[PDB]
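A.B. asks: Protein chains in written order, with full-length UniProt numbering: chain S, 1186 to 1284; chain F, 1186 to 1235; chain Z, 1088 to 1136.
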Amino acid sequence: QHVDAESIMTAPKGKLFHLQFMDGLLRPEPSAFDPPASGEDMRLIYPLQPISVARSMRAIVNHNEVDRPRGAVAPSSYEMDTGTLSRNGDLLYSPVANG
Amino acid sequence: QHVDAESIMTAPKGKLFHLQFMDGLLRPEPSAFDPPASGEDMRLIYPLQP
Amino acid sequence: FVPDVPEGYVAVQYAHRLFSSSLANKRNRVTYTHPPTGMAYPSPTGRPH
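1) Could you work out which residues of chain S lie near Z:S1130, taking near to mean beta carbons separated by less than 8 angstroms?
2) Taking S:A1282 as the query, report the chain F residues whose CB atoms sit under 7 angstroms from its CB, ordered along the chain.
3) Give the straight-line distance between the Cα atoms of Z:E1094 and S:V1251, rounded to the nearest whole angstrom.
4) From this set, S:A1282, S:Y1263 and S:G1284, which residue's C-alpha is nearest S:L1276's C-alpha?
5) On the three-state DSSP scale, how would you describe Z:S1108?
6) Could you tell me the distance, in whole angstroms, from the CA atom of S:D1189 to the CA atom of S:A1196?
7) Specify whether the segment 1235 to 1243 of chain S and the segment 1253 to 1273 of chain S touch according to this definition: at least 3 beta carbon pairs, one from each stretch, less than 8 angstroms apart.
8) Could you tell me which residues DSSP puts in a beta bridge with S:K1200?
9) Determine, for S:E1214, whether the minimum Cβ-Cβ distance to residues of chain Z falls below 8 angstroms.
10) List the endpoints of the continuous beta strand (DSSP E) containing S:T1267.
11) Classify S:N1273: buried if its beta carbon has 16 or more other beta carbons within 10 angstroms, exposed otherwise.
12) Quick test of your reading: F:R1212 and Z:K1113, contact by CB under 8 angstroms. State the CB separation rounded to the nearest angstrom.
13) Evaluate Z:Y1119 with the Cβ neighbour count: other Cβ atoms within 10 Å of its Cβ, from every protein chain shown; 16 or more gives buried, anything less gives exposed.
14) By Cβ distance below 6 angstroms, which residues in the same chain neighbour S:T1269 in space, the five residues on each side in sequence not counted?
15) In terms of alpha-carbon separation, which member of S:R1243, S:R1253 and S:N1283 lies closest to S:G1209?
16) For S:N1247, which residues in the same chain have their Cβ closer than 6 angstroms to its Cβ, ignoring the five residues on either side in sequence?
17) Can you list, in chain order, the residues of the segment 1090 to 1124 of chain Z whose Cβ is nearer than 8 angstroms to any Cβ on chain S?
18) On a Cα-Cα basis, can you pick out the residue from Z:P1123, Z:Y1128, Z:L1110 and Z:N1115 that is closest to F:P1220?
19) Give me whichever residues DSSP pairs with Z:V1117 in a beta bridge.
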C-alpha cells in the first residue's frame, strides 16, 4: 500500500491512515560484480514515535560474518519467567534474590 | 565433463585427456543469512604447469 | 573392541555454541571453533584431532 501526501494533507481529522514500513535488516546484499541500477528509493512520510512497540523479537537468523546481526532483538526475560501462583491467586515473577 | 582417476591411471600412453577447470573468480557470494549447505567440493587431479 | 583415543587428541564437550554459520570462500560453511585455540575451521577437513 501507499499513502499519498495529498490524502494525508487533505483528509478530515479522525480518518485513520494505514502506513506501512519496511524492516530492511533482512534485505539481500547485491552481487559484487553486478552493475548499479538507476534510481533512488525515497520516503516522504515518517513517524514521530517508535513504531514497533509490540515487537518481542527480531531477525531470527544467523549472519555469516558477525556474531549477531545488528538490530536483532532477543525476547525479554519476563516473557519466560513462569514465576509462581501466589496464595492470593496473584501471579508473580520469580524472586530476584533470596528472601 | 569429468575425468575418472581410473582412466587416468589406466589409459595407454598417448591418449589425450581433456580436463576442465573452473575459474572461481566470478563465483557468486552466498547470502549473509542463508543456512550453510552440507558438502565439500573436492579436486583430485591437478596440473603441474600454468 | 573399543579403540583407544590416540595420543594427540583433545577432549571437547559437544555444544551448540561450537558450531555456526560462516563465510569461507563464498560459501556459508558450518564452522567449528576449537575451544582451546579459539580458531575457526569451516571445513570438516583439516580440523585439529
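By construction, the Cβ of each residue, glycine as well, lies at the ideal position given by its N, Cα and C atoms.
C.D. replies: According to the structure data:
1) The residue labelled residue 1130 of chain Z in the question sits at position 43 within the third sequence. None at all; the shortest Cβ gap to chain S is about 15 angstroms.
2) As a first step, residue 1282 of chain S is located in the first sequence; it is residue number 97 there, counting from the start. By Cβ distance, chain F contributes nothing, its closest Cβ being about 39 angstroms from S:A1282, past 7 angstroms.
3) As a working mapping, residue 1094 of chain Z is identified with position 7 in the third sequence. As a working mapping, residue 1251 of chain S is identified with position 66 in the first sequence. Using only the alpha carbons, I get a separation of about 35 angstroms.
4) Within the first sequence, the letter at position 91 stands for residue 1276 of chain S. Looking at S:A1282, S:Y1263 and S:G1284, the one whose alpha-carbon comes closest to that of S:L1276 is S:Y1263.
5) Along the third sequence, read from residue 1 onward, the residue named residue 1108 of chain Z stands at position 21. Z:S1108: strand per DSSP, three-state reduction.
6) Position 4 of the first sequence, counted from the first residue, corresponds to residue 1189 of chain S. Position 11 of the first sequence, counted from the first residue, corresponds to residue 1196 of chain S. The straight-line gap from Cα to Cα measures roughly 11 angstroms.
7) With contact defined as three or more Cβ pairs closer than 8 angstroms, the segment 1235 to 1243 of chain S and the segment 1253 to 1273 of chain S are in contact.
8) Indexing the first sequence from 1 puts residue 1200 of chain S at position 15. Answer is S:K1198.
9) In the first sequence, counting from the first residue as 1, residue 1214 of chain S sits at position 29. Against chain Z, the CB of S:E1214 has no partner CB under 8 angstroms away; the residue lies outside that interface.
10) Against the first sequence, residue 1267 of chain S aligns to sequence position 82. S:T1267 -> no beta strand (DSSP E), and no H or E assigned at all.
11) Along the first sequence, read from residue 1 onward, the residue named residue 1273 of chain S stands at position 88. Of the residues assessed, S:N1273 falls on the exposed side of the cut-off, its CB having fewer than 16 other CB atoms within 10 angstroms.
12) Translated into the one-based positions of the second sequence, residue 1212 of chain F becomes position 27. Translated into the one-based positions of the third sequence, residue 1113 of chain Z becomes position 26. Right, the Cβ-Cβ distance comes to about 5 angstroms (below 8 angstroms), so this counts as a contact.
13) Against the third sequence, residue 1119 of chain Z aligns to sequence position 32. Under this definition Z:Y1119 is a buried residue.
14) Here the question's residue 1269 of chain S lines up with position 84 in the first sequence. Taken in chain order, the residues that qualify are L1277.
15) As a first step, residue 1209 of chain S must be located in the first sequence, where it is residue number 24. Looking only at S:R1243, S:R1253 and S:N1283, the smallest Cα-Cα distance to S:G1209 is reached by S:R1243.
16) In the first sequence, residue 1247 of chain S corresponds to position 62, counting from 1. Here the set comprises nothing.
17) Residues are counted here when their Cβ sits less than 8 angstroms from a Cβ of chain S; for the segment 1090 to 1124 of chain Z these are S1107, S1108, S1109, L1110 and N1115, given in chain order.
18) Against the second sequence, residue 1220 of chain F aligns to sequence position 35. Considering only alpha carbons, the answer is Z:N1115.
19) Working through the third sequence from its first residue, we reach residue 1117 of chain Z at position 30. In the DSSP output, where bridge partners are listed per residue, Z:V1117 has Z:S1108.
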